[PDB]
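Dropping start-v5.cif in here (mmCIF, C-alpha atoms and all ligand atoms):
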```
data_upload
loop_
_atom_site.label_atom_id
_atom_site.label_comp_id
_atom_site.auth_asym_id
_atom_site.auth_seq_id
_atom_site.Cartn_x
_atom_site.Cartn_y
_atom_site.Cartn_z
CA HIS A 12 22.86 -13.95 -4.27
CA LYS A 13 24.39 -11.55 -1.78
CA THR A 14 22.54 -8.36 -0.73
CA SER A 15 19.08 -10.00 -0.86
CA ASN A 16 16.75 -9.38 2.07
CA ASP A 17 14.84 -12.27 3.67
CA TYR A 18 11.60 -10.28 3.77
CA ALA A 19 9.31 -13.26 4.41
CA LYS A 20 11.34 -14.35 7.45
CA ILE A 21 11.24 -10.82 8.88
CA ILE A 22 7.51 -10.59 8.18
CA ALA A 23 6.65 -13.95 9.76
CA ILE A 24 6.43 -12.86 13.39
CA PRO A 25 3.06 -12.16 15.07
CA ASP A 26 3.72 -8.44 15.59
CA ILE A 27 4.44 -7.68 11.92
CA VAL A 28 1.77 -10.03 10.55
CA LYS A 29 -0.93 -8.40 12.68
CA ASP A 30 0.28 -4.95 11.63
CA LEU A 31 0.14 -5.97 7.95
CA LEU A 32 -3.23 -7.71 8.14
CA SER A 33 -5.10 -6.29 11.15
CA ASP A 34 -4.38 -2.60 11.59
CA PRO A 35 -7.93 -1.17 11.81
CA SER A 36 -6.81 2.29 10.67
CA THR A 37 -5.18 1.06 7.44
CA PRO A 38 -7.40 1.47 4.35
CA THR A 39 -8.60 -1.87 3.02
CA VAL A 40 -10.82 -3.09 0.18
CA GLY A 41 -12.72 -6.36 0.16
CA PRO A 42 -14.33 -8.66 2.69
CA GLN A 43 -13.06 -8.74 6.25
CA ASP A 44 -13.39 -12.55 6.13
CA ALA A 45 -11.24 -12.90 3.01
CA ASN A 46 -8.87 -15.87 3.08
CA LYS A 47 -6.20 -14.06 1.03
CA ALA A 48 -4.71 -10.59 1.36
CA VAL A 49 -2.55 -8.31 -0.80
CA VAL A 50 -0.65 -5.55 0.97
CA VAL A 51 0.31 -2.65 -1.30
CA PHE A 52 3.01 -0.18 -0.23
CA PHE A 53 2.41 3.02 -2.15
CA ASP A 54 3.38 6.68 -2.50
CA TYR A 55 0.71 9.22 -3.61
CA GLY A 56 3.54 11.40 -4.91
CA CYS A 57 5.05 8.65 -7.07
CA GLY A 58 4.12 8.49 -10.74
CA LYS A 59 4.81 4.75 -10.92
CA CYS A 60 2.45 4.08 -8.00
CA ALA A 61 -0.16 5.96 -10.05
CA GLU A 62 0.10 3.44 -12.90
CA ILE A 63 0.26 0.50 -10.50
CA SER A 64 -2.87 1.79 -8.76
CA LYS A 65 -4.90 1.39 -11.96
CA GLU A 66 -3.75 -2.21 -12.43
CA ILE A 67 -4.61 -2.87 -8.78
CA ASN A 68 -8.09 -1.41 -9.35
CA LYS A 69 -8.67 -4.08 -12.00
CA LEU A 70 -7.18 -6.77 -9.75
CA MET A 71 -9.66 -5.87 -7.02
CA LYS A 72 -12.58 -6.20 -9.44
CA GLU A 73 -11.23 -9.52 -10.74
CA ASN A 74 -10.65 -10.76 -7.15
CA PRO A 75 -13.70 -9.45 -5.26
CA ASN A 76 -13.19 -11.98 -2.43
CA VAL A 77 -9.60 -10.85 -1.77
CA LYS A 78 -8.61 -8.25 0.82
CA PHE A 79 -6.40 -5.40 -0.38
CA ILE A 80 -4.54 -3.41 2.29
CA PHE A 81 -2.97 -0.05 1.39
CA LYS A 82 0.15 0.94 3.37
CA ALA A 83 1.56 4.39 2.60
CA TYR A 84 5.34 4.48 2.05
CA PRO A 85 6.44 7.91 0.79
CA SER A 86 9.65 7.64 -1.19
CA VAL A 87 12.90 8.77 0.39
CA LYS A 88 13.63 10.44 -2.97
CA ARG A 89 11.18 13.33 -2.50
CA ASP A 90 10.18 15.36 0.51
CA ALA A 91 7.36 13.42 2.13
CA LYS A 92 5.19 16.19 3.60
CA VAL A 93 2.59 16.21 0.82
CA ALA A 94 2.46 12.42 0.49
CA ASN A 95 2.29 12.19 4.29
CA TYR A 96 -0.62 14.63 4.32
CA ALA A 97 -2.45 12.79 1.54
CA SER A 98 -1.94 9.49 3.35
CA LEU A 99 -3.23 10.88 6.65
CA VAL A 100 -6.28 12.23 4.81
CA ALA A 101 -6.76 8.79 3.25
CA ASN A 102 -6.98 7.41 6.79
CA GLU A 103 -9.78 9.81 7.68
CA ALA A 104 -11.61 9.06 4.43
CA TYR A 105 -11.47 5.36 5.29
CA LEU A 106 -12.66 5.90 8.87
CA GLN A 107 -15.61 7.98 7.60
CA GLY A 108 -16.70 6.23 4.41
CA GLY A 109 -15.00 2.85 4.53
CA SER A 110 -13.59 1.13 1.46
CA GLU A 111 -15.87 3.08 -0.90
CA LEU A 112 -14.86 6.62 0.09
CA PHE A 113 -11.24 5.50 0.42
CA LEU A 114 -11.19 4.18 -3.17
CA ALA A 115 -12.79 7.32 -4.57
CA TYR A 116 -10.26 9.47 -2.71
CA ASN A 117 -7.42 7.12 -3.66
CA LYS A 118 -8.33 7.08 -7.35
CA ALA A 119 -8.73 10.87 -7.40
CA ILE A 120 -5.39 11.63 -5.72
CA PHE A 121 -3.43 9.35 -8.07
CA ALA A 122 -5.24 10.92 -11.05
CA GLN A 123 -3.98 14.35 -9.96
CA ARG A 124 -0.46 12.94 -9.70
CA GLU A 125 -0.60 11.17 -13.07
CA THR A 126 -1.99 14.36 -14.67
CA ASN A 127 0.20 17.14 -13.26
CA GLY A 128 3.45 15.23 -12.78
CA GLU A 129 3.46 16.19 -9.08
CA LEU A 130 1.24 16.23 -5.99
CA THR A 131 0.55 19.38 -3.98
CA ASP A 132 -1.22 20.02 -0.70
CA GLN A 133 -3.86 21.95 -2.67
CA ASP A 134 -4.47 18.80 -4.70
CA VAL A 135 -5.34 17.07 -1.43
CA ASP A 136 -7.53 19.91 -0.15
CA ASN A 137 -9.56 20.12 -3.36
CA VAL A 138 -10.16 16.36 -3.33
CA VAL A 139 -11.14 16.66 0.35
CA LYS A 140 -13.67 19.40 -0.41
CA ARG A 141 -14.97 17.61 -3.49
CA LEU A 142 -15.60 14.27 -1.75
CA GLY A 143 -16.84 15.78 1.53
CA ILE A 144 -14.11 14.34 3.78
CA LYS A 145 -13.98 15.88 7.27
CA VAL A 146 -10.42 16.73 8.30
CA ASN A 147 -8.67 19.10 10.70
CA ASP A 148 -6.34 20.11 7.88
CA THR A 149 -4.11 22.26 10.11
CA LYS A 150 -3.56 19.40 12.56
CA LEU A 151 -2.89 16.82 9.84
CA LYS A 152 -0.51 19.14 7.95
CA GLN A 153 1.49 19.60 11.14
CA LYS A 154 1.52 15.84 11.75
CA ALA A 155 2.61 15.27 8.13
CA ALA A 156 5.53 17.66 8.61
CA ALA A 157 6.54 16.33 12.04
CA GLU A 158 6.11 12.54 12.03
CA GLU A 159 7.04 9.60 9.88
CA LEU A 160 4.01 7.53 8.86
CA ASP A 161 3.45 4.36 10.88
CA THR A 162 2.76 2.58 7.59
CA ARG A 163 6.16 3.76 6.37
CA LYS A 164 7.84 2.58 9.59
CA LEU A 165 6.22 -0.82 9.02
CA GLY A 166 7.55 -1.01 5.47
CA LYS A 167 11.04 -0.01 6.60
CA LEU A 168 11.04 -2.58 9.44
CA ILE A 169 10.22 -5.28 6.88
CA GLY A 170 13.24 -4.22 4.81
CA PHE A 171 11.50 -2.40 1.96
CA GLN A 172 13.36 0.70 0.82
CA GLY A 173 10.34 2.36 -0.76
CA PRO A 174 6.91 2.03 -2.35
CA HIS A 175 5.75 -0.50 -4.95
CA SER A 176 6.57 -3.23 -2.47
CA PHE A 177 3.91 -5.91 -2.07
CA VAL A 178 3.09 -8.78 0.29
CA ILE A 179 0.65 -11.56 -0.64
CA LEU A 180 -0.27 -13.87 2.20
CA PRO A 181 -3.12 -15.91 3.70
CA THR A 182 -5.21 -14.05 6.27
CA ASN A 183 -5.08 -16.99 8.70
CA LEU A 184 -1.47 -16.10 9.57
CA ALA A 185 -2.97 -13.32 11.73
CA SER A 186 -4.21 -15.93 14.21
CA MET A 187 -0.90 -17.81 14.53
CA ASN A 188 1.61 -17.61 17.33
CA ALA A 189 5.34 -17.18 16.81
CA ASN A 190 6.00 -20.93 16.63
CA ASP A 191 3.16 -21.49 14.13
CA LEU A 192 4.30 -18.55 12.00
CA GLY A 193 7.94 -19.61 11.77
CA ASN A 194 6.83 -22.96 10.34
CA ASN A 195 4.81 -20.99 7.74
CA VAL A 196 7.37 -18.50 6.32
CA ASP A 197 6.68 -20.17 2.94
CA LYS A 198 3.15 -18.75 2.85
CA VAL A 199 4.49 -15.17 2.91
CA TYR A 200 5.19 -13.99 -0.63
CA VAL A 201 6.97 -10.69 -1.28
CA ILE A 202 7.52 -8.52 -4.35
CA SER A 203 10.11 -6.06 -3.11
CA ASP A 204 10.67 -2.51 -4.28
CA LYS A 205 14.08 -3.63 -5.51
CA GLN A 206 12.33 -6.21 -7.69
CA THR A 207 9.70 -3.76 -8.94
CA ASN A 208 12.33 -1.13 -9.76
CA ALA A 209 14.51 -3.67 -11.58
CA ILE A 210 11.74 -4.57 -14.06
CA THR A 211 11.77 -1.64 -16.45
CA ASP A 212 11.25 2.11 -16.67
CA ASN A 213 7.97 1.74 -18.60
CA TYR A 214 5.55 2.44 -15.75
CA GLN A 215 2.66 0.65 -17.42
CA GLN A 216 4.43 -2.62 -18.22
CA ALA A 217 5.83 -2.64 -14.68
CA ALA A 218 2.30 -2.23 -13.31
CA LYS A 219 1.06 -5.02 -15.56
CA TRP A 220 3.87 -7.38 -14.55
CA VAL A 221 3.16 -6.67 -10.88
CA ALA A 222 -0.54 -7.32 -11.38
CA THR A 223 0.08 -10.58 -13.29
CA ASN A 224 2.48 -11.77 -10.61
CA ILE A 225 0.10 -10.92 -7.76
CA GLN A 226 -2.69 -12.84 -9.50
CA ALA A 227 -0.52 -15.95 -9.80
CA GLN A 228 0.45 -15.79 -6.12
CA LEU A 229 -3.21 -15.31 -5.20
CA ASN A 230 -4.07 -18.34 -7.35
CA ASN A 231 -1.41 -20.30 -5.48
CA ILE A 232 -2.84 -19.65 -2.00
CA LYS A 233 -5.44 -22.22 -0.87
ZN ZN B 301 19.87 -17.20 -9.09
ZN ZN B 302 5.58 4.22 -6.85
ZN ZN B 303 16.53 -11.99 -9.56
#
```

Please rewrite the model in this file as structure tokens.
Ligand SMILES: [Zn+2]
Ligand SMILES: [Zn+2]
Ligand SMILES: [Zn+2]
Amino acid sequence: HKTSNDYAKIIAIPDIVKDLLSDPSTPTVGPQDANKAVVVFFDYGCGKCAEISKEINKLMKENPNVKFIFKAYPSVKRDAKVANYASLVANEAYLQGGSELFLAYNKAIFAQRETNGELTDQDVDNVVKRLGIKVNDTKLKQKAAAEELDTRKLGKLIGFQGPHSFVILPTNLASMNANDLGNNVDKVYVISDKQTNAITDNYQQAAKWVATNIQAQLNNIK
């Protein structure tokens, strides 16, 4: 099995674990005292992420005690400026309205993408206006054009090459030191983007496989 990345081993250091689980600016859903977490790397401009998002919505309802953490990873396929902008707006929606406003924004952006076959900056602005999100759109647009997302840098550091990468892990790894964490690499479970892309080209059956696999891993954490 050459050319396989040891994602769990890379993840299992305090710096990366706390970024995955404890970044206050990253949109989350579910209780802060959840014992289990699912980290979703996603791309608002990606049609497959749009199908996956709907399966994740169901997963969150089926697992109300589980924490879901949404890390934006715009694909290196497309220009990232729009997806960057939409992700930066998602951060402001989460800071203002918490999980609830984030989910409404999140669901509405992916609906635009699933519907039109593309995402535009006007799609973001109209969702912003509609849901009453306060943004300095000029500043965020410039940031979207100028910077790489920190959530994308995190995903790249882990070894993911793109969105629909997932990490399922216990939340108590956030309180472990480097020695503790290295003895607990086994508790870090990863569905890589290479795995997700190897499934199929049917977006829906890929989303359903991902959801079924996440549920099993969740079931397997104490
Ligand atoms: Zn084998
Ligand atoms: Zn995707
Ligand atoms: Zn394989």

### Task
Excluding residue 23 in chain A and any residue of its chain fewer than 6 positions from it, enumerate the residues within 7 Å of it, using all atoms listed in the file, and give them as an MDAnalysis selection string.
chainID A and resid 192:193 196

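With only C-alpha atoms taken into account, the protein and nucleic acid residues at most 6 Å from range 40-45 of chain A (excluding it and anything under 2 positions from it in its own chain) are residues 47, 76, 77, 78, 79 and 110 of chain A.
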
### residue 179 in chain A environment, 6 Å, only C-alpha atoms, sequence neighbours closer than 4 positions dropped, as a VMD selection string
chain A and resid 48 to 49 200

Proximity of chain A to ligand ZN 301 (chain B): per-residue shortest pair, 12 Å limit, all atoms listed in the file, as CSV:
```
residue,atom,partner,partner_atom,distance
A:12,CA,B:ZN301,ZN,6.5
A:13,CA,B:ZN301,ZN,10.3
A:15,CA,B:ZN301,ZN,11.0
```

Point (-2.0, -9.0, -10.2), cut-off 12 Å, counting only C-alpha atoms, residues as a PDB file with C-alpha atoms, in the frame of the given file:
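Result saved to selection.pdb:
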```
ATOM      1  CA  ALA A  48      -4.710 -10.590   1.360  1.00  0.00           C
ATOM      2  CA  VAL A  49      -2.550  -8.310  -0.800  1.00  0.00           C
ATOM      3  CA  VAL A  50      -0.650  -5.550   0.970  1.00  0.00           C
ATOM      4  CA  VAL A  51       0.310  -2.650  -1.300  1.00  0.00           C
ATOM      5  CA  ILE A  63       0.260   0.500 -10.500  1.00  0.00           C
ATOM      6  CA  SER A  64      -2.870   1.790  -8.760  1.00  0.00           C
ATOM      7  CA  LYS A  65      -4.900   1.390 -11.960  1.00  0.00           C
ATOM      8  CA  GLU A  66      -3.750  -2.210 -12.430  1.00  0.00           C
ATOM      9  CA  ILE A  67      -4.610  -2.870  -8.780  1.00  0.00           C
ATOM     10  CA  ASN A  68      -8.090  -1.410  -9.350  1.00  0.00           C
ATOM     11  CA  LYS A  69      -8.670  -4.080 -12.000  1.00  0.00           C
ATOM     12  CA  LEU A  70      -7.180  -6.770  -9.750  1.00  0.00           C
ATOM     13  CA  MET A  71      -9.660  -5.870  -7.020  1.00  0.00           C
ATOM     14  CA  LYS A  72     -12.580  -6.200  -9.440  1.00  0.00           C
ATOM     15  CA  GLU A  73     -11.230  -9.520 -10.740  1.00  0.00           C
ATOM     16  CA  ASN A  74     -10.650 -10.760  -7.150  1.00  0.00           C
ATOM     17  CA  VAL A  77      -9.600 -10.850  -1.770  1.00  0.00           C
ATOM     18  CA  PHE A  79      -6.400  -5.400  -0.380  1.00  0.00           C
ATOM     19  CA  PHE A 177       3.910  -5.910  -2.070  1.00  0.00           C
ATOM     20  CA  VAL A 178       3.090  -8.780   0.290  1.00  0.00           C
ATOM     21  CA  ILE A 179       0.650 -11.560  -0.640  1.00  0.00           C
ATOM     22  CA  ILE A 202       7.520  -8.520  -4.350  1.00  0.00           C
ATOM     23  CA  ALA A 217       5.830  -2.640 -14.680  1.00  0.00           C
ATOM     24  CA  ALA A 218       2.300  -2.230 -13.310  1.00  0.00           C
ATOM     25  CA  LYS A 219       1.060  -5.020 -15.560  1.00  0.00           C
ATOM     26  CA  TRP A 220       3.870  -7.380 -14.550  1.00  0.00           C
ATOM     27  CA  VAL A 221       3.160  -6.670 -10.880  1.00  0.00           C
ATOM     28  CA  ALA A 222      -0.540  -7.320 -11.380  1.00  0.00           C
ATOM     29  CA  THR A 223       0.080 -10.580 -13.290  1.00  0.00           C
ATOM     30  CA  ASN A 224       2.480 -11.770 -10.610  1.00  0.00           C
ATOM     31  CA  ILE A 225       0.100 -10.920  -7.760  1.00  0.00           C
ATOM     32  CA  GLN A 226      -2.690 -12.840  -9.500  1.00  0.00           C
ATOM     33  CA  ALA A 227      -0.520 -15.950  -9.800  1.00  0.00           C
ATOM     34  CA  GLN A 228       0.450 -15.790  -6.120  1.00  0.00           C
ATOM     35  CA  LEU A 229      -3.210 -15.310  -5.200  1.00  0.00           C
ATOM     36  CA  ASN A 230      -4.070 -18.340  -7.350  1.00  0.00           C
TER      37      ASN A 230
END
```

### Query
Out of A:54, A:26, A:103, A:132, which residue has the shortest atom-to-atom distance to ligand ZN 302 (chain B) when counting all atoms listed in the file?
A:54

### Task
Residues up to 8 Å from ligand ZN 302 (chain B), counting all atoms listed in the file: could you list those as a PyMOL selection string?
chain A and resi 53-61+63+86+173-175

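As for CA of residue 151 in chain A and CA of residue 204 in chain A, they are spaced 27.5 Å apart.
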
### Task
Between A:209, A:80, A:120, A:28, single out the one closest to ligand ZN 303 (chain B), counting only C-alpha atoms and all ligand atoms.
A:209

### Summary
One residue among A:112, A:97, A:210, A:201 is nearest to residue 160 in chain A when using only C-alpha atoms, and that residue is A:97

### Message
Could you list, as a list in words, every residue within 12 Å of residue 36 in chain A, counting all atoms listed in the file and ignoring same-chain residues fewer than 4 positions away?
### Response
residues 30, 31, 32, 80, 81, 82, 83, 98, 99, 100, 101, 102, 103, 104, 105, 106, 107, 109, 110, 113, 161 and 162 of chain A

#### Entry: For CA of residue 183 in chain A and CA of residue 111 in chain A, the interatomic separation in Å (one decimal)
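These atoms are spaced 24.7 Å apart.
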
### Query
Which value, in Å to one decimal, gives the distance between CA of residue 215 in chain A and CA of residue 135 in chain A?
24.3 Å

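Shortest separation to residue 205 in chain A among A:127, A:153, A:117, A:176 occurs at residue A:176, atoms counted being all atoms listed in the file.
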
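Take the candidates A:167, A:206, A:19, A:233 and check each one against ligand ZN 303 (chain B) using all atoms listed in the file; the shortest distance goes to A:206.
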
### Query
Which is closer to residue 95 in chain A than all the others in A:131, A:208, A:147, A:213, using all atoms listed in the file?
A:131

### Query
What's the 12 Å shell around residue 197 in chain A, counting all atoms listed in the file, without same-chain residues fewer than 6 positions away, as a list in words?
residues 17, 18, 19, 20, 21, 22, 23, 179, 180, 181, 184, 191, 228, 231 and 232 of chain A
